[PDB]
Amino acid sequence: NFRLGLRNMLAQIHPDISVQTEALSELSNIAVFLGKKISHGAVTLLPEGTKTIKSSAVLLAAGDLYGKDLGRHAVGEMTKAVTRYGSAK
Amino acid sequence: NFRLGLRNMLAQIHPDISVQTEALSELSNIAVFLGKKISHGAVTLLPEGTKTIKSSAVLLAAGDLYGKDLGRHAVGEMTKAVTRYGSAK
Amino acid sequence: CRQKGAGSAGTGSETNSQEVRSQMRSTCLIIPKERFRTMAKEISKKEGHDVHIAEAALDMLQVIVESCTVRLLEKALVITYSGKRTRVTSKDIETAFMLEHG
Amino acid sequence: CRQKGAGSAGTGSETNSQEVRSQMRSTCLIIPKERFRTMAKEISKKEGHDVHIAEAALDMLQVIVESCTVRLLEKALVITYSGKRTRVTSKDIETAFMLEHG
Amino acid sequence: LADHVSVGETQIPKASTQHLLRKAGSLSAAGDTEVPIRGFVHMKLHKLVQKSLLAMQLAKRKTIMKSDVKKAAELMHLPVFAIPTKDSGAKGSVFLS
Amino acid sequence: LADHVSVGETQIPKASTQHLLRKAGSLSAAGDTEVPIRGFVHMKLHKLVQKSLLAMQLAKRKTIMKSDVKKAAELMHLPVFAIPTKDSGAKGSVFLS
Amino acid sequence: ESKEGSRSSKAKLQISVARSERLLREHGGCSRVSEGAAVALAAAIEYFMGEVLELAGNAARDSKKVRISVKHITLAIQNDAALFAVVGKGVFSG
Amino acid sequence: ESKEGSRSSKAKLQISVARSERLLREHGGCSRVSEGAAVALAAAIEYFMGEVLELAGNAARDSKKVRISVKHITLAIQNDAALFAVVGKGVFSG
DNA sequence: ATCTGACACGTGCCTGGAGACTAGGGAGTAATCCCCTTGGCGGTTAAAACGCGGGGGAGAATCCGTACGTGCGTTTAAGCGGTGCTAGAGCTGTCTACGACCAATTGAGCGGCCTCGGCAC
DNA sequence: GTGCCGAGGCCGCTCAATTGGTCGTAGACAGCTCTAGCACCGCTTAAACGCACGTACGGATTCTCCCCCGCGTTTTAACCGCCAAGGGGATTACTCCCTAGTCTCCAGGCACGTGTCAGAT
């Protein structure tokens, strides 16, 4: 489940807007299934002679699921998050 | 691939009928994709506690994918093949 | 619609033109629970006797059914308007189902 | 169709009625290979410059396009026949595409 | 659809089939609309129960719980986000009638 | 479909658009039918190439092979039984024009 | 306990059990695959490709041809309503 | 190089990175999962749940409500053409 | 009748396929707690089915302009074929970055239970 | 304005997440080889485009039929609360079936090359 992760972003984006418990469960169920469809995409594009999912595989898998404007804005946000993790570890 | 296995079946059913080489490759790709759909169905139908696939998992997976008269005749053929294998180990 | 809590839009022999406006404002299921439980146990009884149905499983079975049924009827309305007609007939629903499975 | 040693089954100019029976008997694809390769490299030029396309990949790309286009048009013919008309128009094809994606 | 309804078994009431049309936005409905609508729900419930029964049978249980239908729902490649919990049906929910 | 064609790019010829309608069993074709046909073939090839290119990028190759298209075909959940081997092109094959 | 033959010969199946087990085990679905699941999967593929080959052979014989082609395999599928539902989403080669 | 808390705080994210790593590894789709792939999938969910929450928050405020309901989520997704292409096959409120 | 070139056949082989302990895990079984399911009863009463004028949507018939089938010729380019070049796949052979596994620890997120405020009439 | 039940807040209780090491191992990189993709010219020639003639057809119009929406009445069954018995879902512990792993052996299907006959013309 992703209930506490979704509520924190709502507090950051909309400080005066809360979320129902039933609506939060549907948002968490979207977030779980969003990670599942990307995970299937990462395995499918991965070559058969490999056994590791790198960061580049998740980059290209999300570009197929997210078309045009969303896919372009996604790739910039992933790489910025990755390079923050690479210098703060 | 299942090229030799599917060719030997055609000799048993229709002794005077041959098969195109291109037709044999398409029939083999049906066999691979039929294997993929049943195996993915068997993984889905397993409980979260169990981790292995027994004969009962493939039997119920074939019943779901194959409707009505085909599904009932599927279980009879699959069970007869297992019981024959279980006595000639 | 007949359960407790909320989720009802409008009652009292409300007219058909108002019904389209009201039904887009509600969020509850529109098939009765007792008739759906009798239906759900009857399908299981034809194949396997003495099957209990969970209350949580009953709700999620009904949500999938209406969401597929409304999606079919929305597709049936498109073919009706494509034939320059405003009344959904029996052949329009059969054509709408045939266009995706057949 | 213009490829050597292909089962085209068409003999020069034919009428519209005879073209339906002839195309139901053939198995070859009906878009020329040179113009399909030209389109295949042109779209790939917008993402990755100087990408070679294998001949085996071109055949699988064309087969998927033919089967998906014919499946849409068979669905587009049903909407035309459901509206008591015998002429497939531009609205019928756009309706058939919208009924599965949208 | 046309012949999936049979006499002897319980079906949807006639008024609830017209409510399903009004949720879709239809204004006029024919008098022979109940038979295809009753057929489709009876088909979809027969499809969902048949998948759910084999998931329950393989786990050696006797009650169709929420995990059995969830494995049945995504076996048909249909994503479901309305998963019920113990707090379901509170004031206005997606599970009430 | 409606506006997926752009002036400046090579497109499907008009007689090839009509042959697509003949294989679907259509007896009469409108004169404005060439525009949605050209869009849909252009849309499906744009979808197929875009999935196949990122399959090539992850494998660090520069030529689109048959495996990259096959992985692009199964990514759209569309099974393909037409696998061109080295014996393709023999006589009346499905991969010919 | 019969060492005179393979897994397919023990179960009297023409579809090889070893290749069907390779599809099941190396599908990335589960860690462990039993012996009985390999035989059962091979029998399920074998029975219904016997159904396709029986319909394709009758279609080829009715066309006065002794060789089964792609069109004969295609024409056998929509002539059976039960077989078409399994592979209706498949690309039958243009 | 330093730790100063959890992985999600290190990558400056709000979706838990370690929970998304459990999604990849226990999926069974691959034997080995790199640490950089878990952070990338965490940023995948975090951005596009941010897009849904931003549109649902604006839809809730337009209806003079301070709590997001399931109706506001459905109206926000349907009003965006690009968001509908991803989760449009899902089941919302029957 | 006459090609032809694709399928059936013969050969080399090496990598797929089978046989024999091992032991560790996961499947099966059984007892026990108690959570949730079935059954139902008084009463509601809102919803469902039924019946009756009445008007709007669909069907039928007629007419016609114009958009498409259809020969006919002109025009353009797809393909054989053969050629030649060479960009780039395949495979081999390190080796170093890097992910799994195991030991230990703790507090972030889990549930249970009040309690006041936002949504519904 | 007013009842009200659900999100927020607060109390514990874990075991998921985290660090720190060792260990093997899998992808990055370089270099050699050679199958195959691009290009082009000749030439062919099937095929696409355009144009004139004409006929079928969808749109427009009018008219008529019939059946479905609207309203009133009546029967009836879904649902509250609240009840109770109990069937089977979790949970834990014991026992043991078998299957991944490792080593060994071997022969069967697949590629290469060649005859020859099923089918298109």
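Residues numbered from 1 in each chain as written, not as in the entry; some residues may be left out. Chains lettered and ligands numbered in written order. Heavy atoms only, no water. Residues with missing side-chain atoms left out of burial classes, pairs and counts.

Method of determination, as given in the entry header: cryo-EM; reported resolution: 3.4 Å.

Q: Would you mind showing me how to read the interface of chain E and chain B here?
A: Note on interface size: it is often stated as the accessible area lost on association of the parts. Between chain E and chain B, the contact holds 9 residues from the first and 11 residues from the second. With both sides pooled, the region where chain E packs onto chain B buries about 1,100 Å², and carbon together with sulfur makes up 67% of that total. If you sort the residues of chain E by the area they bury against chain B, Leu54, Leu58 and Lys71 of chain E come out on top, with a joint share of 52%. Close ionic contact of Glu48 of chain B with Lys71 of chain E constitutes a salt bridge, the shortest N to O distance being 3.5 Å. For the pair chain E and chain B, the number of links is 2 residue pairs in polar contact. Top element by residues in the side of chain E that touches chain B is helix α2 (residues 34–58) of chain E. It accounts for 5 residues. Classifying every residue of the side of chain E that touches chain B by side-chain character gives 5 nonpolar, 1 polar and 3 charged. (Contact = heavy atoms within 4.5 Å. Buried area = accessible area lost by both parts, 1.4 Å probe. Salt bridge = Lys/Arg side-chain N within 4 Å of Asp/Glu carboxyl O. Polar contact = N/O pair within 3.5 Å; in protein donor to acceptor, adjacent residues only side chain to side chain. Helix = DSSP H or I, 4+ residues; strand = E, 2+ residues; numbered from the N terminus. Nonpolar A, V, L, I, M, F, W, Y, C, P; charged D, E, K, R; others polar.)

Q: Looking at this structure, how should I read the packing of helix α3 (residues 55–82) of chain D against helix α4 (residues 90–98) of chain D?
A: The angle between the axes and the distance between the axes are what describe a pair of packed helices. Residue and element names in this part refer to chain D. Running from N to C, α3 and α4 point in directions that differ by 115°, and their axes come no closer than 8 Å. For the element pair α3 / α4, the angle class is roughly perpendicular. When the axes of α3 and α4 are compared, the crossing they make is right-handed. The segment α3 lies against α4, with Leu72, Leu73, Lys75, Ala76, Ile79 and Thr80 engaging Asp92, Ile93, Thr95, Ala96 and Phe97. (Axes fitted to C-alpha atoms, helices over the stretch in contact; angles between N-to-C directions. Parallel < 35°, antiparallel > 145°, perpendicular 65-115°, else oblique. Left-handed = near helix turned anticlockwise from the far one by under 90°.)

Q: In this structure, what is going on with the protein's contact with DNA strand J? I would like to understand it.
A: Surveying the vicinity of DNA strand J reveals 58 residues, the closest of which are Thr21 of chain A, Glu34 of chain C, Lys62 of chain E, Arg19 of chain G together with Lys10 of chain H. When the atoms of DNA strand J within 4 Å of the protein are grouped by moiety, sugar and phosphate amount to 96% of the total. Side-chain polar atom of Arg2 of chain D to a base nitrogen of DNA strand J: 3.1 Å apart, as the coordinates give it. The separation between a phosphate oxygen of DNA strand J and a polar main-chain atom of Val66 of chain G is 3.2 Å. Within the residue set of the surface near DNA strand J, elements represented by two or more residues are α2 (33–47) of chain C, α2 (33–44) and β1 (52–53) of chain D, β1 (28–29) of chain E, α1 (14–23) of chain F, α2 (17–25) and β1 (32–33) of chain G together with α1 (7–10) of chain H. The element contributing the most residues to the surface near DNA strand J is α2 of chain C, with 3 residues. Residue classes in the surface near DNA strand J are distributed as 12 nonpolar, 17 polar and 29 charged. (Near = heavy atom within 4 Å.)

Q: What is the right way to read unusual backbone geometry from this model?
A: Generally, phi is negative for residues other than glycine and the peptide bonds are trans, each holding for most cases. Positive phi, close to 55°, is recorded for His77 of chain F, a residue that is not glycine. Backbone geometry at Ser93 of chain G places phi at a positive 60°, although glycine is not the residue there. Relative to the elements of secondary structure, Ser93 of chain G occurs in the segment after α5 (81–84). For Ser93 of chain G, a relative accessible area of 4% puts it in the buried group. (Buried < 20%, exposed > 50% of the residue type's maximum accessible area, 1.4 Å probe, protein only.)

Q: What is the right way to read the nonpolar core from this model?
A: Within soluble globular proteins, side chains that are nonpolar tend to cluster in buried spots. Judged by nonpolar contacts, the single largest core of 162 residues is most densely connected at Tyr66 of chain A together with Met49 of chain H. With residues up to four places along the chain from it excluded, the contact list for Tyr66 of chain A reads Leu34, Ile38, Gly71 and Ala74 of chain A together with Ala44, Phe48 and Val86 of chain H. Counting 64 residues, the second-largest nonpolar core is a separate cluster that includes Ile15, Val17, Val39 and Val87 of chain G. (Core = buried A, V, L, I, M, F, W, Y, C linked by side-chain atoms within 4.5 Å.)

Q: Hey, could you run me through the pattern of salt bridges in this one?
A: Oppositely charged side chains are able to pair whenever their charged atoms sit close together. Per the counting criterion, the structure on display carries 22 salt bridges over all chains. Between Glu100 of chain D and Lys75 of chain D there is a salt bridge, with its nearest N and O atoms 2.6 Å apart. Linking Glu100 of chain D in the segment after α4 with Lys75 of chain D in helix α3, this pair joins segments that are 25 residues apart in sequence. Among the ionic pairs, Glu21 of chain G bridges to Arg7 of chain G, the shortest N-O distance being 2.4 Å. A residue pair is termed long-range when its members are at least 10 positions apart, and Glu21 of chain G in helix α2 and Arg7 of chain G in helix α1 (residues 7–10) qualify at 14 residues. Taken together, the shared-partner salt bridges in this structure form one network comprising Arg7, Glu21 and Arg25 of chain G.

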